[PDB]
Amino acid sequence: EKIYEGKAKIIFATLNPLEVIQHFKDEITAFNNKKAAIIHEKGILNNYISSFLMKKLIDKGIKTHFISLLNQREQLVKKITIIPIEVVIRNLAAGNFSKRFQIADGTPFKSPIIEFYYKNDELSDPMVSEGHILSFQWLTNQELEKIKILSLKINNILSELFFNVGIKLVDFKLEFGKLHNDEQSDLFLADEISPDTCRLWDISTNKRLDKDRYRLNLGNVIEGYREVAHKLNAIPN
């Protein structure tokens, strides 16, 4: 029983109303769905990488939706209401940031840059200010300060763990949600943390390992995702 299907994942119900299955597909899309393809095994690797990184973040006290790894494509996660914001954290310039400020890809920032987007396909995920978020009551003042603190802490944790296996975390996107029926719920990290949601460059060569291999038609897409999995030791025995 499907509850939701997005561009790369399906959420399935379980017999427990408060737990759902996050199922990783092999679909990839880019440029507001102008470009789509099947990349065999991409979902398996994203499942393993995300479950791995969620657990690394849990180990440092980050609250997440992750419950358990079930199989090659699936993990058990908390059923939560997703806040309709994408938080993008940037360490170097890349993607549409580079393009709109005409700053070269790979330009390092003095401090990380957080940008917020309203998650909406129809509107192509428009950027929003803090005041917008607050006016529309998507978060309270306290939640918005918290989401930024958590995002930066997550950036530090992920940046370090990737650096230690020879990968630069260029930028990444987070989504958060809140527990059912709890108006005082803290912010739980949701969606995925994978090469679909993080720009990841090999430190020595600047080779891109992530979804940019698909976006920029660089070939060896699965090989990049597999390199990330291998270097992380994310694939179970």
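Sequential numbering from 1, following the sequence displayed.
Note on 137-145 vs 68-76: mean CA B-factor is higher in 137-145.
Higher mean CA temperature factor between 226-234 and 1-9: 1-9, per the PDB entry. Residues shown: 173, 42, 55, 180. Highest C-alpha temperature factor in the entry: 180. Per the PDB entry, 119 shows the highest C-alpha temperature factor of the residues 90, 153, 132, 119. In the deposited entry, the Cα temperature factor of residue 15 sits in the top third of values across the chain's modelled residues. Sort the chain's modelled residues by C-alpha temperature factor and residue 31 lands in the highest third, per the entry.
In the PDB entry, residue 114 places in the lowest third of its chain by CA B-factor. In the deposited entry, the Cα temperature factor of residue 211 sits in the bottom third of values across the chain's modelled residues.
Among all modelled residues in this chain, the alpha-carbon of residue 59 has a temperature factor (C-alpha) in the middle third.
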